[PDB]
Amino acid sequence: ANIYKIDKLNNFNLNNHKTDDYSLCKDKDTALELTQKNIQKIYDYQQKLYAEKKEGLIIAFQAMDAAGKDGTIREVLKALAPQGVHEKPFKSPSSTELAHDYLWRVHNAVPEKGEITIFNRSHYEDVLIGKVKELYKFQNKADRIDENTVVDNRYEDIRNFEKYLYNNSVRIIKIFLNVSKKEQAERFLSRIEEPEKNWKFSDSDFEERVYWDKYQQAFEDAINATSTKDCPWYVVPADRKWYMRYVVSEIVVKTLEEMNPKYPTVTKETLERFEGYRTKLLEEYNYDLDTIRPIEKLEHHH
């Protein structure tokens, strides 16, 4: 029972989850090395997952600007080999995406069995900025859609979507990077003061600060309404980058371990065909190949 894992409905108080907790590993150097170990194991699990083609994984990060989503995705999951991997940032919806229903663009990006898709922001956008700014009141919708129940029905629909995925061999890790307002300001200052990060800063990043408290409430309500055993939320303290990377590497490793991927074994009958192909290849080259069965090699002429 992680102190950071939320696995039941209506069981979540945001004020109790401090942004600068570090209780799993107080020493930074220790955490950096444990993080390198976790990364090795992630890469190993990914190769087994890709080979088996049985289960898919979404790793979804949801948080305020400069909480640490891109830096964490980059530092922890750059371990992954390119095969089977997609990263999908959910930006402001296009005209076409708004003309469809809100889970249409999300479901499209769900991974294949054997593959991993990383979500930078997610379908939770529609009960975060969507609830705070009440965007549903300005968007086109049928007159029979009752505005007072739009948000409640998104919590239901999100629960049902995530459980649909679970039942069809796609897991989702949901990660809230819980950063404080002052730490966000320090990181914005850093985006302004360092040339190589200027591109990352925009007007509306600054202007969303005015809605800080409403966003905090909307995270609290979302996590209360969509945490289950099969689709838990993880609330990760985000004020220290080294710690936050450590904790995300732990969550990813532990989920891959429950999924327990293995290189597939081939059937009895395929194995027999395979032995026939082995003999043919060996005969083509008069047993001059590197077999791991040395005794048969000594049998044949040269």
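Residue positions are given as counts along the sequence shown, with the first one as 1.
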item: 38-46 versus 23-31 - greater average Cα B-factor per the deposited record; value: 23-31
item: Of 162-170 and 69-77, the stretch whose C-alpha atoms average the higher B-factor in the entry; value: 69-77
item: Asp157, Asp213, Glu87, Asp101, ranked by C-alpha B-factor: the highest one; value: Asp213
item: Candidate set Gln184, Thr117, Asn108, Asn120 [ranked by C-alpha B-factor, highest]; value: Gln184
item: Chain-wide C-alpha B factor ranking for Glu257, given as lowest, middle or highest third; value: middle
item: Third assignment of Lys54 from its chain's C-alpha B-factors; value: lowest
item: CA B-factor ranking of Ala60, expressed as a third of its chain; value: lowest
item: Entry-reported Cα temperature factor of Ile251, expressed as the chain third it lands in; value: lowest
item: Chain-wide C-alpha B factor ranking for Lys113, given as lowest, middle or highest third; value: lowest
